[PDB]
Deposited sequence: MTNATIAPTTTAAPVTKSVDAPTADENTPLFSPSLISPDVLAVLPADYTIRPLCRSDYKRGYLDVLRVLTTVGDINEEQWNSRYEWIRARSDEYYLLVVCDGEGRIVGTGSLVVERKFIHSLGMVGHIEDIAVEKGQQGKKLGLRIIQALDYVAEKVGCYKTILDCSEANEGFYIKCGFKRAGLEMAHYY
């Protein structure tokens, strides 16, 4: 239940080197249910009650796709998840090339503005580079553009949406 979602060898040594004392960034593991992962997600959207059975099934589902869905967490060294982010690696049918997609970055409100979001993005960029992505992309609002600029991203196009 402490078996990481993906290899810890995919975590940037340079990011680990600059985290606050006792903090770590690491792959999700199944035991993170107990470390307040869903609480960090509540920064992003309303989540809902989820029980350990459901968590365990959703964890086996993502683990079946661990060559695509890279979920990592920032742990405060006291058993509390305080940040998360996702890299989804799109393996094309670019001479069969690969694009990383950054998704669902969240930092607990009380821990915001301490570079933990930057560290999460640096870590997801390092995963994507390591697995052979030529680029990482993400969609953002006009309001958090300046966050992604500080993380070394540049405007590349427009996000278009269609609602049902």
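Stretches of the deposited sequence left without coordinates are 1-25, 119, in sequence order.
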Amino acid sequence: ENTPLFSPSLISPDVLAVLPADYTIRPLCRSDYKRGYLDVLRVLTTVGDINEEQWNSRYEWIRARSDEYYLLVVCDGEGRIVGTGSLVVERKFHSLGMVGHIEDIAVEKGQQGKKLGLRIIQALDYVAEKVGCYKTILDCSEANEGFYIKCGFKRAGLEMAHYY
From here on, numbers count along this sequence of modelled residues.
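Note that the rigid core is defined as the largest set of C-alphas that superpose within 1.5 Å between two forms.
With 116-124 and 50-58 as candidates, the stretch whose CA atoms show the greater average offset from this form in 4 other deposited structures of this protein after a core fit is 50-58. For the segment pair 66-74 and 94-102, the entry gives 94-102 the higher mean B-factor, averaged over Cα atoms. When the C-alpha B-factors of 124-132 and 40-48 are averaged, 40-48 comes out higher. Among the modelled residues of its chain, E60 has a C-alpha B-factor that falls in the highest third, as given in the PDB entry. Sorting the modelled residues of the chain by their CA temperature factor places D139 in the lowest third. In this PDB entry, the Cα temperature factor of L10 sits in the bottom third of its chain's modelled residues, the lowest group. Annotation for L16: C-alpha temperature factor in the middle third relative to the rest of the modelled chain, per the entry. In this PDB entry, the Cα temperature factor of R30 sits in the middle third of its chain's modelled residues.
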